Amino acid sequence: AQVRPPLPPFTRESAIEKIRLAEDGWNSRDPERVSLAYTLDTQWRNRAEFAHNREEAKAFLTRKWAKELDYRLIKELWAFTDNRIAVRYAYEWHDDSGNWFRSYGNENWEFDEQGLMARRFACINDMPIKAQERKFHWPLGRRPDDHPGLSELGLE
């Protein structure tokens, strides 16, 4: 890509917007679309796996959604400083077997002047849940404007 606003340094509002746009992107479960938000030579650590460029990042995303079905995500701001944002998130999905999980994650982002993400450090843990325990409800895609956020679902 070339430029994707908001651009750093972030303010509380622009950081929250940056996060919402990212959330919408991942809720599309489209590797190509999602990959465009990252630098060509983006550096990633997703769990115990690493990516060293946008192409490897996209490859990971393709594997990801071939595994995590009916994926629904919610991201929320934790803290931000200059060109860095710390985000908390959770997503619900079911595997090929049909069993459900809620994944809890913390991702730390760093953006270049063009608004593209140069570094992504994400740690995620999967917790099995019963189908009736799903908390995220909305048509696959962008989370509706009025759907409660991460801290409003009593996840803690």
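Numbers for residues come from their place in the sequence shown, where the first is 1.
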As stated in the PDB record, which stretch has the larger average Cα B-factor, 103-111 or 53-61? 53-61
Mind pulling up the entry and telling me whether 120-128 or 39-47 has the higher mean Cα temperature factor? 39-47
Hey, out of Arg20, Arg134, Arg142, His147, whose CA B-factor is highest in the deposited coordinates? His147
Relative to the other modelled residues of the same chain, rank the CA B-factor of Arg29 and answer lowest, middle or highest third. middle
If you rank the chain by CA B-factor, which third does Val87 end up in: lowest, middle or highest? lowest
